[PDB]
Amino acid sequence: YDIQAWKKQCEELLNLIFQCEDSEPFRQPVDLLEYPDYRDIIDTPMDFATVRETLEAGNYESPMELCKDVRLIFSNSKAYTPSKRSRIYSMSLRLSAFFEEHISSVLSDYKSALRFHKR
């Protein structure tokens, strides 16, 4: 019932994601010389460095907000991909499965902690 425990859990999950080769493309902004149409397709860029930064600045109030930004990384990849079989999109889908598998307990424990607080 630790209301604050999600933050370190999310830091540790981000560490795992940064160790994962699949996160490579999703660590930093898109170079518009390499992908000139990116910001035509993608209004709201997100990468894992921005997520980690936001977390470490104390600018997430809950793991749900972090989860919204991470999911934006994945939905941006799905919007930008020219094919459902592209290399980078395929990396996004594996990483998304990994993230969802690991974040599920973090969200459950946080929401449990908030309900116990309100009890």
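So that there is no doubt, residue numbering starts at 1 and follows the sequence shown. In this text, the rigid core denotes the largest set of C-alpha atoms whose superposition between the two forms falls within 1.5 Å.
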query	finding
Core-aligned Cα RMS comparison in 8 other deposited structures of this protein - stretch that moves more, 29-37 or 89-97	29-37
31-39 versus 44-52 - greater average Cα B-factor per the deposited record	31-39
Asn59 - which third its CA temperature factor falls in, relative to the rest of the chain	middle
Chain-wide C-alpha B factor ranking for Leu16, given as lowest, middle or highest third	highest
